[PDB]
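The sequence lines fix the lettering, A, B, ..., with proteins before strands; numbering per chain opens at 1. In what follows, every heavy atom counts, from backbone to side chain, and hydrogens, waters and symmetry copies are set aside.
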2 protein chains.
Amino acid sequence: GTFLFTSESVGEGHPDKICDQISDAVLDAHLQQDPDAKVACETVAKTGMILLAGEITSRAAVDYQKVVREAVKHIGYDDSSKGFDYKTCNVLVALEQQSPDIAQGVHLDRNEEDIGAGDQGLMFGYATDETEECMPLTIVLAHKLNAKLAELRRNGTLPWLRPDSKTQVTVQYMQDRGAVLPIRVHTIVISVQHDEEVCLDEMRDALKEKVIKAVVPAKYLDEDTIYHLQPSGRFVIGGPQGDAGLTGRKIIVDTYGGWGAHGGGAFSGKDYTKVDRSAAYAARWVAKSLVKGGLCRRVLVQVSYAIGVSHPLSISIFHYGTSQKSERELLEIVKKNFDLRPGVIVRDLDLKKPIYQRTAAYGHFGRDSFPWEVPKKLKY
Amino acid sequence: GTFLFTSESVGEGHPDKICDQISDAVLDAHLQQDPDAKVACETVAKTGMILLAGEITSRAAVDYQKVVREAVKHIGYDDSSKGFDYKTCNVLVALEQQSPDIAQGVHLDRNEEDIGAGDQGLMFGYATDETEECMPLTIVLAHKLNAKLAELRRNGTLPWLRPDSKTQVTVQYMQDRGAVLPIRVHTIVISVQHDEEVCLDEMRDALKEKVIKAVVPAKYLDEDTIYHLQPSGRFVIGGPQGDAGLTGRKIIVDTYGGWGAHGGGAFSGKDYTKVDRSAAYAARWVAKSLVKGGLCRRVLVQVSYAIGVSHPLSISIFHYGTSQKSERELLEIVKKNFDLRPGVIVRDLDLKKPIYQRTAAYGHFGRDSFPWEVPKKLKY
Ligand SMILES: C[S@@+](CC[C@H](N)C(=O)[O-])C[C@H]1O[C@@H](n2cnc3c(N)ncnc32)[C@H](O)[C@@H]1O
Ligand SMILES: C[S@@+](CC[C@H](N)C(=O)[O-])C[C@H]1O[C@@H](n2cnc3c(N)ncnc32)[C@H](O)[C@@H]1O
Ligand SMILES: Cc1cccc(-n2c(=O)nc(N(C)C)c3ccc(Cl)cc32)c1
Ligand SMILES: Cc1cccc(-n2c(=O)nc(N(C)C)c3ccc(Cl)cc32)c1
């Protein structure tokens with residue numbers, strides 16, 4: 001009954017993640033002034049360049065140069081020696097208003113509760129009782145390894161670290177009637193951008209002793225665990241200089257690390273009317289409510305929409321065999337307890353609040369008691 | 001035991017899909033001259049602009065202006081009245097060489113069979129016996145609806161059609177010991193860009209009579225099927241003018257429509273050393289070989305890699321309860337029959353051949369007998 005499963009995560013300076021954080025810094029800057037801003041901000045990053053492309057209709061006055069540069073500064077790209085510098089990079093803006101054809105079909109002259117979905121699409125939510133935060137251990141550990149790298153970079157413990165990093169964790173699990181039980185960590189990968197002076201052996205030793213051992217419980221590590229630390233051998237060129245980044249290219253890192261399911265939509269740079277984000281947050285809220293409510297040990301929820309239509313077109317449940325109730329009975333409980341119209345989700349999850357940049361690294365789920373992480377008490 | 005499931009697809013002129021097709025036109029242009037080109041081409045599309053950003057190291061001499069414009073011409077954006085014109089749009093190029101740090105860690109001075117993975121990551125393959133092509137009916141139908149729109153646009157049957165489209169299909173299924181059996185189509189969405197002259201009722205009638213009825217078998221449609229045809233009411237502004245597009249933003253449309261699983265990596269614009277593409281193709285080949293070989297009715301395969309390491313770090317199997325063999329026995333059969341090193345996948349699947357633009361619309365799987373769609377005969 002044992003099996004392996006692998007998930008990855010990336011750091012704040014991974015170029016795709018830089019784009020997600022900038023897109024959400026732009027969204028938050030608009031929402032601080034106009035809670036009803038319509039935002040669809042894509043970011044592209046390559047050597048020396050941040051380009052903003054997309055559609056924004058808002059009453060806010062946003063200084064894009066300042067917002068972008070402050071986000072890059074926070075990430076830590078502040079000198080040409082690191083491959084990217086917020087002070088001197090090019091910031092290009094190609095932002096237009098939201099299409100009036102979309103606006104008239106989605107929200108113009110509509111009661112807020114009855115606003116249409118901002119697009120068609122499908123979205124999923126997942127929760128698992130294997131961790132207290134109801135997330136897969138593989139992705140939790142992968143995120144925490146990147147967070148540890150950023151912490152040691154920022155506190156000057158490992159001054160050779162740079163912001164761009166990737167991690168990957170393979171866990172060996174057992175299964176019990178559809179629920180999963182972590183046994184041990186089988187393999188860990190860490191790749192992190194570094195300065196020209198540090199030796200490979202010094203980095204590998206520090207990654208094992210100061211990063212992995214500070215994150216992963218010793219009970220999961222043994223003489224057979226496989227470590228791939230700086231496996232490329234050299235990672236001096238990094239950030240956008242090493243690899244072009246785009247918003248919405250880390251959608252599996254943002255969610256469940258390959259567990260559960262994904263409908264394809266990106267989260268960052270989008271206001272609540274874009275159901276790719278709001279309905280995925282609501283589906284996570286449903287799934288976590290079912291698991292914390294004791295109905296399931298793990299569960300997957302699908303929802304779907306049509307542009308301009310408020311009610312979901314479909315809702316579906318997969319309980320992995322971890323409920324005494326059938327999937328039909330769980331679906332009836334979901335329909336009795338949740339209203340997944342976007343104009344109701346916005347109110348339940350407070351989605352006009354400018355907290356989005358906080359979601360744009362280390363996963364959107366299983367952290368910080370955001371509204372979609374506070375279970376709803378179910379009536380049935 | 002009945003349940004709903006929804007998948008979507010998009011047309012050739014959807015702005016994200018335009019980017020995937022351009023990225024793969026660039027990859028094919030390089031491979032036509034240099035089978036060993038290292039390509040990581042991202043495309044961004046917005047009003048009047050195609051930007052290429054990424055990393056290419058190749059001996060080819062490629063005219064990017066010509067390759068991009070020819071791809072846009074093929075899609076059908078050939079006049080400012082349609083919102084985008086290959087003849088007059090801006091083509092911007094921000095392409096640099098592949099990082100020498102990546103090159104030395106992945107492929108320099110390595111025997112081809114022993115080349116390292118081009119990145120870390122996780123990838124999945126899926127197959128289901130519900131259709132002869134071993135794909136979910138939801139996504140097959142969604143793709144065929146977009147293909148039908150493009151066919152009627154190109155043959156002049158519906159001259160008001162423009163290239164940008166989206167479709168979505170919800171199927172009601174029954175289940176039989178983990179396998180799925182389609183019963184009926186519950187809901188269909190179609191949104192397609194159109195000219196200024198055609199009436200909404202004329203479009204809705206044509207979409208039902210000439211598109212849906214020409215694609216979906218009548219046995220799946222009944223008086224209760226729900227149709228959302230042009231649900232926004234107006235879609236004149238479209239293509240990149242209506243919504244910025246990026247490469248690798250339709251990864252679920254490219255794969256299984258939400259069924260199976262996804263590791264997050266995009267396919268388009270990448271050569272075989274980028275395991276996000278090559279190992280996902282190989283995992284599809286494994287899954288389809290298990291189902292066509294009669295071992296499973298449906299199956300999911302995960303594989304994962306570390307940058308610079310040739311052998312996968314992990315391989316895992318989920319058979320949904322549709323095999324008499326355990327997942328451990330199926331995994332042993334996979335390990336005995338397949339070698340998922342990227343330097344072996346390239347040979348088995350002929351991945352230096354310039355056929356990639358053909359994959360970049362209507363899904364990478366279940367079509368055209370590409371090498372990953374030809375099952376391997378298994379020995380056990
Ligand atoms: C390996 S690059 C992707 C392939 C790349 N576009 C190419 O031209 O081959 C993807 C990510 O890996 C990381 N990376 C970049 N350079 C690296 C190196 N030398 N060693 C390890 N990882 C690296 C960065 O996080 C980067 O965003
Ligand atoms: C609805 S747009 C996404 C949201 C958009 N970025 C915004 O500013 O609100 C996503 C896709 O839907 C399609 N689309 C664009 N305009 C549309 C319209 N008026 N009606 C229906 N679908 C439309 C196009 O395929 C487009 O790429
Ligand atoms: C459909 C789907 C999607 C995503 C993940 C899984 N999935 C999972 O939830 N449970 C696993 N167990 C308990 C054996 C499992 C093992 C291997 C693989 Cl490849 C996937 C697995 C399933
Ligand atoms: C883990 C995972 C990922 C993706 C899809 C599914 N999955 C599926 O394979 N089979 C379904 N059956 C048979 C009931 C199903 C029904 C509802 C939902 Cl939300 C998902 C379903 C499962």
Specify which of [options] makes the most heavy-atom pairs with chain B at under 4.5 Å.
{"options": "A/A40, A/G264, A/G121, A/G116", "result": "A/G121"}
{"options": "A/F5, A/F235, A/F318", "result": "A/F5"}
{"options": "A/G248, A/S7, A/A306, A/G265", "result": "A/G248"}

Decide yes or no for [X] and [Y]: does some side-chain heavy atom of the first lie under 4.5 Å from some side-chain heavy atom of the second?
{"X": "B/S99", "Y": "A/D243", "result": "no"}
{"X": "B/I226", "Y": "A/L313", "result": "no"}
{"X": "B/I307", "Y": "A/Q168", "result": "no"}
{"X": "A/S314", "Y": "B/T187", "result": "no"}
{"X": "A/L51", "Y": "B/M49", "result": "yes"}

What option among [options] has the most heavy-atom pairs under 4.5 Å with chain A?
{"options": "B/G105, B/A244, B/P240", "answer": "B/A244"}
{"options": "B/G242, B/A94, B/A53, B/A261", "answer": "B/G242"}
{"options": "B/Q104, B/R249, B/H228, B/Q241", "answer": "B/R249"}
{"options": "B/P231, B/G308, B/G238, B/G233", "answer": "B/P231"}
{"options": "B/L246, B/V253, B/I251", "answer": "B/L246"}

Measure distances from [X] to the heavy atoms of chain B and classify the residue's part below 4.5 Å as side chain, backbone, both or neither.
{"X": "A/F124", "answer": "side chain"}
{"X": "A/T247", "answer": "both"}
{"X": "A/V106", "answer": "neither"}
{"X": "A/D119", "answer": "side chain"}
{"X": "A/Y305", "answer": "backbone"}
{"X": "A/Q302", "answer": "side chain"}

### Query
If you measure from the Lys or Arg side-chain nitrogens to the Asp or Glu carboxylate oxygens, is any gap between A/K46 and B/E42 under 4.0 Å?
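No.
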### Task
Identify, with sequence neighbours excluded, every residue that meets ring-ring contact (aromatic ring centres under 6.0 Å, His included) alongside B/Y173.
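If we apply the ring-ring contact (aromatic ring centres under 6.0 Å, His included) test to B/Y173, skipping adjacent residues, the hits are B/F3, B/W259.
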### Query
At their closest point, which heavy atom of A/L122 faces which heavy atom of B/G257, and how far apart are they?
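So the two residues come closest at CD1-O, 3.7 Å.
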### Message
Ignoring hydrogens, what is the shortest heavy-atom contact between B/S304 and A/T6? Give both atom names and the distance.
### Response
OG-OG1, 3.5 Å
### Task
Using modelled atom types only, decide if a donor and an acceptor are shared between the side chain of A/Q120 and the backbone of B/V189 within a distance under 3.5 Å.
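Not confirmed, A/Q120 side chain does not pair with B/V189 backbone.
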### Query
Short question: side chain of B/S232, backbone of A/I102 - any donor-acceptor pair under 3.5 Å?
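Between the backbone of A/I102 and the side chain of B/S232 there is no qualifying donor-acceptor contact (under 3.5 Å).
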### Task
Can you measure from CG (A/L92) to CG (B/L92) and round to the nearest 0.5 angstrom?
9.0 Å
### Message
Please classify the contact of B/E55 with chain A as side chain, backbone, both or neither, using a heavy-atom distance under 4.5 Å.
### Response
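Only the side chain of B/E55 comes within 4.5 Å of chain A.
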### Query
Can a donor-acceptor pair be found between the side chains of A/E96 and B/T47 at a distance below 3.5 Å?
yes
